[PDB]
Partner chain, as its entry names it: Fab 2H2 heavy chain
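The form deposited without its partner chain is given below as one chain in structure tokens.
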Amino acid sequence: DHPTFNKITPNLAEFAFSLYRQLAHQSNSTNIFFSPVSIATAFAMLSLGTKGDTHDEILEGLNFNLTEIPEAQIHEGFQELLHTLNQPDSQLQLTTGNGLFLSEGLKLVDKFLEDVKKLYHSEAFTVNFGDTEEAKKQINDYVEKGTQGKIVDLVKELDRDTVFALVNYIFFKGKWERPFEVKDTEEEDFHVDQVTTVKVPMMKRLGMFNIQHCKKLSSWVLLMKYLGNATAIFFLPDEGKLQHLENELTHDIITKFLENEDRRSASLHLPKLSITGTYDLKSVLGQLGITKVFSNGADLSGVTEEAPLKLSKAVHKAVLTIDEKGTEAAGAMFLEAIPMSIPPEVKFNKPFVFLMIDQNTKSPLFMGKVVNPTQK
């Protein structure tokens, strides 16, 4: 009977897909990119300072069923996971932070201040929202320092009555276990749709890949490993099957693709790009059923005993960069031969979906859809 993160990873997966479809329904002409694990962890942390329905609503909102699993194990699970995710010091640049900002006019509960800081290794600051421009600068300064300037001016303006603000961000850049030759990267066409074309740098390599064409999903399924036990899963939907692919993704199916270990020879064309997702959590989580904590009825007596408090603003920003880089230090020479037959062509020159997974812990680090590679 030891604390484990094994129990919640399945639900994190379901949460990834729930949020994804919600966003995919709102618009289908825009890129989608977010971190399931980051968002879930922040709110799992927040819940510790809430009580009653407000509390039960947050967890249910993250796809948990309080009868299916004990409340105590949900919290321990996120604590373990965080200690595993919050320090994968291999050569996978993964910086992620949680920053809480509360008005100086509130008497805060110690216990809460200690959990966020010692257990969840997150930040809790007091600020004077009386001076909006000053408060704003403090929030942005924090995120800029944490991302090393990789993320600036996240907040544009604070509301007059802002009393509690949450900021979650994450940045990622990996190294392929098997690099692409920078030389082969050439400018090709990316077909946004029948009449829209975008010029983009296309990486490419002919080789053996863990690739398979799933008839259930009507799509090509490609897995590529990063150094640091992180696995990228790309999905290239057949003509007119983007929606079917989106509606059919479930955690059970992902678990299966990861069992395939057979390789195949293919010509792969993958765009070189950088995408970012920026979302107003109050707006998106509200649709998923998480509303109380953002309302006047909120029960945050775990944060401040008697004062009427509510989460005024919550933002999430995710940034990912993908290129041909792999094993640094010099060109570790690989071997490339000529096929006996013409291998299949798998070009990601049209809208596609991808998912990033920590092979170790099996948690969904990222999920997204690229409709336009230059809409970064």
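Residue numbers count along the first chain shown, from 1.
Same protein, other form: the form solved in complex with its partner chain, not shown, and the subject of what follows.
- Residue contact check for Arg178: none of its heavy atoms lie within 4.5 Å of its partner chain in the deposited complex.
- In the deposited complex, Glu187 approaches its partner chain with a heavy atom inside 4.5 Å.
- Within 4.5 Å of some heavy atom of its partner chain in the deposited complex lies at least one heavy atom of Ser274.
- Under a 4.5 angstroms non-hydrogen atom cutoff, its partner chain in the deposited complex has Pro201 among its neighbouring residues.
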